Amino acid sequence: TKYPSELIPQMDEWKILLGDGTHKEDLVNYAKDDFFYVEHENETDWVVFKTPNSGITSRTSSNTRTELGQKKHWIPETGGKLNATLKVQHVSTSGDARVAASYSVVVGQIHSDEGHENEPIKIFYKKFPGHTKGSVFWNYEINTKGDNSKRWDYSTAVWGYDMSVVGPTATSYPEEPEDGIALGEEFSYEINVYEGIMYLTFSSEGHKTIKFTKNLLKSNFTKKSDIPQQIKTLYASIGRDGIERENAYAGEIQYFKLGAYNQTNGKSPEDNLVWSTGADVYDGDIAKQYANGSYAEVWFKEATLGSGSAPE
């Protein structure tokens, strides 16, 4: 009988989009069965975000989400911090293993509200079908100088693989990552942007805590000879060779998002081998996708917003 707002005291600082295209700005005492609701398990309550592979998407995306967006925006220079503790309960059980996005779900992001509307960070959990352990990795998308159709993401592994580890054919998978994270296994992230520098921390009991620093005010990617080999390789059949503006996301307004942003869709892999995953979507029927594994589902027990801080 609980609402998610009973578990997240800053619920009034978020709006939501659900997998069925519902937008809701006032989330105090709000739930909707099968998308955004509370689940009780032994001694903890969790906020569930559940979304199919193909529901009603936002105008900005081909992928379906049930995900919060922070109402108060900020530029990297003034900063912001998001802390989450969560477990992924389910990712799509179908999709083409040659496509980097298949079988994954983004569980936190910074999204830009203007300009190209790209993401300085998207944190993913990806698990191939049949595997016990999945991978957590995070992607930085360039704030492309000029035409955004040449953009790309650079993916960095936390536990397990990064997004570039694909199967060599549509239904054969790499071996499971030995150091990865199971469904139902708790982990935490913090995204702390202080004075334009994004400091990430990822922790999970029994695994190494892993930290990263990425300056969001000065690009590392301002010419062709700076594009990482990972981009040349993973985007080789797409054609993406953009460069990033010199000052990256300096002064660009953005905001946090958190929940289940499903990156497995039913688009044809031939149209985009990195992001169109060709999964089973049952012609958009949400109840049939839910009955056959064609969805993602992520549970959070803590989601806190605060100000950016100097790492100690």
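In case it trips you up, residue 1 is the first one in the sequence shown, and so on.
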Stretch with the higher entry mean CA B-factor, where the candidates are 218 to 226 and 87 to 95: 218 to 226
Greater mean Cα temperature factor according to the PDB record, 124 to 132 or 233 to 241: 233 to 241
Highest-ranked of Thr213, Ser149, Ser102, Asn139 once sorted by CA temperature factor in the record: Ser149
Out of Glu114, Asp162, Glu77, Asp153, highest CA B-factor residue: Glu114
Relative C-alpha B-factor of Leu273, binned into the chain's lowest, middle or highest third: middle
Where the record places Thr169 (Cα B-factor, split into thirds across the chain): middle
Modelled-residue ranking by C-alpha temperature factor, third containing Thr264: lowest
Record-listed C-alpha B factor of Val48: chain third: middle
Third of the chain's Cα B-factor distribution that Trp14 belongs to, per the entry: middle
